[PDB]
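Participant: Just dropping in an experimental structure and the matching sequence.
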Amino acid sequence: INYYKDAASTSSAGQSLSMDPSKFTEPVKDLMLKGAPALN
Amino acid sequence: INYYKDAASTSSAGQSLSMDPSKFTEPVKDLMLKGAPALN
Amino acid sequence: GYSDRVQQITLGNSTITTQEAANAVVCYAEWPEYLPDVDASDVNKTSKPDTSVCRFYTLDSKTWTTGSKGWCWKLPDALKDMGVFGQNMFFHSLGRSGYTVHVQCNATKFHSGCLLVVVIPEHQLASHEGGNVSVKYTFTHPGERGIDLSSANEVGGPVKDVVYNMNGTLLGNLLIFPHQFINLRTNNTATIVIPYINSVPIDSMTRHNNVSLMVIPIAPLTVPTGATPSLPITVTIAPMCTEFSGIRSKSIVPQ
Amino acid sequence: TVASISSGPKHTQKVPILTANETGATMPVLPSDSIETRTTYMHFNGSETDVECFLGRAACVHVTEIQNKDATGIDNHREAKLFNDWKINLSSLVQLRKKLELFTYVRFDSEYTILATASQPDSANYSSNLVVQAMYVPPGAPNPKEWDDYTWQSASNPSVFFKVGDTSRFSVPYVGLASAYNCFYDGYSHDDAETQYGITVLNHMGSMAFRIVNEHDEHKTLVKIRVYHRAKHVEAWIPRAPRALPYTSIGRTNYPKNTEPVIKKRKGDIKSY
Amino acid sequence: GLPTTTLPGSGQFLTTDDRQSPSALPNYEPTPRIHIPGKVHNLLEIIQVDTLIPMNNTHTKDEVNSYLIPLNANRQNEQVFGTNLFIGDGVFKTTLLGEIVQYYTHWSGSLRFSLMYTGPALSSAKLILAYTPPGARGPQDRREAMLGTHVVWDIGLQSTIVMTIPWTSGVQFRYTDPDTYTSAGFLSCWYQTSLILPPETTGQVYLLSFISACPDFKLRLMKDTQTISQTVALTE
Amino acid sequence: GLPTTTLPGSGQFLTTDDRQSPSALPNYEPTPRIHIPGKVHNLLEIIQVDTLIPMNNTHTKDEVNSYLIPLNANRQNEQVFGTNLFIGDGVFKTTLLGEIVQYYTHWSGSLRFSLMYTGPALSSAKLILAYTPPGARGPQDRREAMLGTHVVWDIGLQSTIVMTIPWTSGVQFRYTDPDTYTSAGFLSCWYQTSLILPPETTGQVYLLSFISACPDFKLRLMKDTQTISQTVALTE
Amino acid sequence: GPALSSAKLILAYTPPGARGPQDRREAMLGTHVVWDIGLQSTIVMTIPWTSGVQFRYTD
Ligand SMILES: Cc1cc(CCCOc2c(Cl)cc(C3=NCCO3)cc2Cl)on1
């Protein structure tokens, strides 16, 4: 129950439960498959 | 939920969301169209 | 017979071929794109010179020697004088751009050495004076020359200490930024595609640089016996999806 | 969810453990690519590492102090701490600072808690009960010159009145100019040759001003204000390397000269355990 | 008895909170409303009405004359007036727009700047108005001025010209109190050809100038105005 | 009036509680969000990116050189480096992994340790990396080392080798600050055959080493880092 | 050159209207190809037809 009118006044947000490290761990242009050779 | 009986005791009103500047910006008797000459 | 290894990038009226690549990085897995209306604020129609600004400019070459500490360029600064890209830059109030960066360094199968090529969004430098000394404008706008981390402290300039990234963080952790290594034994180029990254939809190109490109020797250069002890490093960079807006009189900037 | 699958002997032409780090990727290698594993489940979600959780607890961001005393003959209230201010900023204290600077841009609503306690360091008959008044002077607003000015009227300025010893709490929407707060800014206000450098030029959101409503009693009373800040509704972009050297200034990245080696030297060889 | 816990902030008085209260006058009946022309709902409604700018600020005590921008016959190439666009300060500051902007911390949007000509009907003139977006200096000559937002105004039967300063900005809000990073540009005006008076006529002619906000406009984060203060409470 | 009772804890301020509060700025409209590449949601997303380990810690002031593990041509049977696995201390401590682990009290999971070789292309080498699970001493010779988790690495075209320290543990969580009961083992590396340089070449070659966490990893019970402190508040 | 050597050259075409370039900076602003000497021994640069008039004289 929100007792207040504005959105800033609500409690903390709830877990992204998004999670996708590939923008950080695999930003390569041509896709690399694990097990296939790195450099062909 | 109002806890009180009288109307003065309720919280602030809620946004007019009315908004019509023409009584102030265009109080002319004969309607002016933008693009048409001001004085004919 | 496609290898990760050979590549061709054609952009505008200029083409680059590498026969010894190590894939390419696209920052944060996003490719440069123009500014959508839903994200727009300034009401001005923007100018998109296209092929006259989105081509490859090769900056002047550096020389890696056994004593090198590393070099640093800022964008869009490094290009402030390249062809029509630069003119547009000084002439509009606002502009926006992504880039393809291609760093080149070839040697032979007897050399060793490994450079880190990294792009740091919003690289705010530190004053070597400490306290709250600022880093004057000119010092953070070296132009095509870039900053040479093995040059001496100057007054009003930034600190040039490598194991601290010019800001109080350790060299070792620069790997959290989009980056690629050039290991003479593997690699001969590094290519990074940079999407436009800012907290505003379009900004000024002269009062704010939005990425520093940094090339840092990490495993020292080691040449074969009686080889000349140095290799040149060349940086070629191409603006991509550039847009300029708010045209007028032509900025005058310090120094 | 499985944390590890079962995997047995391998004799392949398909080697997942050989890679080329020069590419910039961190290939997702697992225990089961190089030893024989058994199934195990995760039993865990990663709840407490969510950025909302990481930045979402109150941190002390500021300690100031004001006193209640006879202002008779004081030529400069501000200077007598008849009332103080704090040109708002979250770079003051470094505990919460390091956490925030793990990211480049950050966007969130703030919840402030303000604790005020009183001290009576010299002989008093009693402890008086004072009421504090915290008013946020938005930039371009009449700055309190005195302690009972016309400014304190704050007829358009959000202000809160609470008792010393007690706490005040509220929340503020994200009042950033841009789409997010710039944790770092490699630019200037304008193309000048002497203009400052950093964010200290970007983060100019006025200041908060405190004062004691009560007049003065016979003794003097020191009131010390602690402001706590909790981020709610957090959004963070572009991770960066953590801060290694100590901080010297609000808003610049500068570290102190002749600082000490931050990497612990081995007591022994590279070979040492 | 239901168990409760009180949180931090209990008992505080926040001048901006909005809650219910007991009525001191239970059951009282207010006077009926009758109709009155002119109801205002938003301050955004009124900042779109234009008001005069004391552009000619050069006097030494407030006078009707600082509303008049003078024009000289037969000058060529030269500059009529110049001003920066810090709407919360300087010429703008006493105008209704300036005066309201000052109740808020941030503004964004387009401005409408118009000039009404008052010279004899048998005279003629062509002026250029130029808006210079942030980043360059106030133009120093028309050549410089004409390369940015501009309108050649031809003085005719239609007495006023409405120039718009379109919102040109990186950051989507600017501060109303003058700030650098956040600065908006300059506005200048020059002779395009020149003012020409008919025979039997002489002297200076004046332009009146107005400012109002486009429907585009946004103002946010209310605060107190530097435009009013006091030293003791008033009495009757 | 509804009857209530207040419980123990009323009026306390717990920095970790999460409740509603009145907004000081009623009705204010925040700036629109625009798109920015790079959004982070979990610290678990970032500790999977590998970063360099200053393994060569033997210097006396921080230098680029403590990231370089040297290799000697023609040595046989010998040991390249050794370290315990207290990820919250020692070599690991300044790495991004080490640096984040320090914000939490407990960790569990697999680690990924990789080595990238930088020697001339015409050289060759075979190294063995060994993980020794808790309970035995740091191995003293390869024979001892090779009886635990190990990988023979053959230096080739493929420049890096990724060793995983699989989670070997009785207790399902270990403390990030070094603790005995909770200790994780040792990591050592030895020549399997030996480094061989081509003609016309000489000296030391170096390995770079990285550390990142497997997707396996769990961190819990947040706390304050020993990695940052201060003596007076900073100012502008 | 020997197979164990390496080199990177830039070839530049300068369309009519400017002088023969005097340094690479000047050269690199017109049609150009960075050539990386590798296994593939030849590089084919095209001088695309850049012209106002649709024919040029051979003399
Ligand atoms: C980063 C960052 C975040 C902030 C906060 C902005 C200022 O927020 C406040 C507002 Cl809008 C109001 C009040 C306030 N109103 C009544 C009492 O306090 C206090 C603060 Cl800190 O500044 N830098």
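Facilitator: Thanks, I have it. Numbers count the residues shown, from 1 in each chain, chains lettered A, B, ... in the order given.
Participant: and stretch D:162-176, how far apart are its ends?
Facilitator: One end of stretch D:162-176 sits 27 Å from the other (CA to CA, to the nearest Å).
Participant: Would you report the backbone torsion angles of the residue of chain A found nearest chain E?
Facilitator: In chain A, the residue that lies nearest chain E is residue A:5 (7.2 Å; CB to the nearest CB). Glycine gets a C-beta too; all of them are placed from N, C-alpha and C. As for residue A:5, its main-chain torsions (degrees, to the nearest 10) stand at phi -80, psi -30.
Participant: distance of it from residue D:108?
Facilitator: According to CB to CB, to the nearest Å, residue A:5 stands 19 Å off from residue D:108.
Participant: Looking at the two, which is more packed in?
Facilitator: More crowded of residue A:5 and residue D:108, by other CB atoms under 10 Å in any protein chain shown: residue D:108, with 25 against 14.
Participant: Name the residues of chain D found near chain E, please.
Facilitator: D:113, D:137-142, D:150-151, D:154-163, D:166-170, D:175, D:177-179, D:189-191, D:195, D:201-202, D:204, D:206 (CB under 8 Å from any CB of the partner chain).
Participant: just checking, residue E:145 is part of a helix?
Facilitator: Yes. Residue E:145: assigned to a helix according to DSSP: H, G, I helix; E, B strand; the rest coil.
Participant: Correct me if wrong: it contacts residue E:127.
Facilitator: No. In this structure residue E:145 lies outside contact range of residue E:127 using CB atoms under 8 Å: 11.3 Å.
Participant: so what's in contact with the two at the same time?
Facilitator: Shared contacts of residue E:145 and residue E:127 (CB atoms under 8 Å, 6 or more residues apart in numbering or on different chains): residue E:190.
Participant: When the two are compared, which one has more neighbours?
Facilitator: Ranked by neighbour count (other CB under 10 Å), residue E:145 and residue E:127 place residue E:145 first, with 26 against 22.
Participant: OK, contacts around residue E:207?
Facilitator: Contacts of residue E:207 (CB under 8 Å, 6+ apart): E:68-69, E:71, E:80, E:115-118.
Participant: Quick check: phi and psi at it.
Facilitator: Residue torsions, per degrees, to the nearest 10, at residue E:207 are phi -100, psi 140.
Participant: May I have the beta-bridge partners of it?
Facilitator: residue E:69, residue E:117 (DSSP bridges).
Participant: All the strands of the stretch 51-200 of chain C, in order from the start?
Facilitator: Ranges of strands within the stretch 51-200 of chain C are C:57-58, C:62-65, C:71-75, C:92-104, C:112-121, C:147-148, C:179-183, C:189-194, based on DSSP state E, counting those that start in this stretch.
Participant: Buried only: go through the contacts of residue E:207 for me.
Facilitator: Of the members of these, the ones counted as buried by neighbours, 16 or more other CB atoms under 10 Å in any protein chain shown, are E:68-69, E:71, E:80, E:115, E:117.
Participant: Would you map the strands across chain D?
Facilitator: Taking DSSP state E as the test, the strands found in chain D are D:2-4, D:18-19, D:40-41, D:59-68, D:83-86, D:103-119, D:131-137, D:159-163, D:167-172, D:181-182, D:207-211, D:221-239.
Participant: For the ones you listed, could you give me TSV that also reports distance to chain G?
Facilitator: Formatted as TSV, the strands of chain D follow (distance: least, CB to the nearest CB, whole Å):
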stretch	distance to chain G
strand D:2-4	42
strand D:18-19	22
strand D:40-41	47
strand D:59-68	50
strand D:83-86	52
strand D:103-119	32
strand D:131-137	53
strand D:159-163	61
strand D:167-172	52
strand D:181-182	34
strand D:207-211	50
strand D:221-239	30
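Participant: As JSON lines, these with distance to residue F:156 would be great.
Facilitator: Converted to JSON lines, the strands of chain D look like this (distance: least, CB to CB, whole Å):
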{"stretch": "strand D:2-4", "distance to residue F:156": "28"}
{"stretch": "strand D:18-19", "distance to residue F:156": "7"}
{"stretch": "strand D:40-41", "distance to residue F:156": "33"}
{"stretch": "strand D:59-68", "distance to residue F:156": "50"}
{"stretch": "strand D:83-86", "distance to residue F:156": "61"}
{"stretch": "strand D:103-119", "distance to residue F:156": "38"}
{"stretch": "strand D:131-137", "distance to residue F:156": "64"}
{"stretch": "strand D:159-163", "distance to residue F:156": "68"}
{"stretch": "strand D:167-172", "distance to residue F:156": "58"}
{"stretch": "strand D:181-182", "distance to residue F:156": "45"}
{"stretch": "strand D:207-211", "distance to residue F:156": "62"}
{"stretch": "strand D:221-239", "distance to residue F:156": "33"}
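Participant: The spatially closest residue to residue E:170 that is not a sequence neighbour: how many residues sit nearby?
Facilitator: Once flanking residues are discounted, residue E:170 sits nearest to residue C:203: 4.0 Å by CB to CB, 6 or more residues apart in numbering or on different chains. Residue neighbour count, defined by other CB under 10 Å, stands at 20 for residue C:203.
Participant: ditto for residue D:65
Facilitator: Residue D:65 has 14 neighbouring residues, counting by other CB under 10 Å.
Participant: now do residue D:105
Facilitator: Counted with other CB under 10 Å, residue D:105 comes out at 25.
Participant: ok, what's across the strand from it?
Facilitator: residue D:182, residue D:237.
Participant: what does chain C put close to chain F?
Facilitator: C:27-30, C:36, C:39, C:109-114, C:121, C:132, C:162-163, C:170-173, C:175-176, C:181, C:183-186, C:195, C:197-201, C:218-219, C:222, C:224-226.
Participant: for residue E:65, helix, strand, or coil?
Facilitator: helix.
Participant: how much space is there between it and residue D:104?
Facilitator: Applying CB to CB, the value for residue E:65 to residue D:104 is 53 Å.
Participant: So if I had to pick from these two, which one is more boxed in?
Facilitator: residue D:104 (26 against 12).
Participant: list the contacts for the more buried one?
Facilitator: So residue D:104 contacts C:121-122, C:197, D:182-184, D:237-240, F:38 (CB under 8 Å, 6+ apart).
Participant: What sits closest to it if chain neighbours are left out?
Facilitator: In space, residue D:104 is closest to residue D:238, 3.9 Å off (CB to CB, 6+ apart).
Participant: next one: residue C:181
Facilitator: residue D:22 (4.1 Å).
Participant: Mind checking what secondary structure the closest residue to residue E:79 other than its chain neighbours has?
Facilitator: Using CB to CB, 6+ apart and skipping the chain neighbours, the partner closest in space to residue E:79 is residue E:190 (5.0 Å). Here residue E:190 is strand, with the state taken from three-state DSSP.
Participant: Most proximal residue of the stretch 151-273 of chain D with respect to chain E?
Facilitator: For the stretch 151-273 of chain D, CB to the nearest CB, closest residue to chain E: residue D:169, 3.3 Å.
Participant: Enumerate every residue touching the nearest residue to that residue once chain neighbours are set aside.
Facilitator: Ranked by CB to CB, 6+ apart and with sequence neighbours excluded, the top spatial neighbour of residue D:169 is residue E:9, at 3.3 Å. By CB under 8 Å, 6+ apart, the contact list for residue E:9 reads D:113, D:162, D:167-170, F:21-22.
Participant: at 7 Å instead, please
Facilitator: Counting by CB atoms under 7 Å, 6 or more residues apart in numbering or on different chains, residue E:9 touches D:167-170, F:21.
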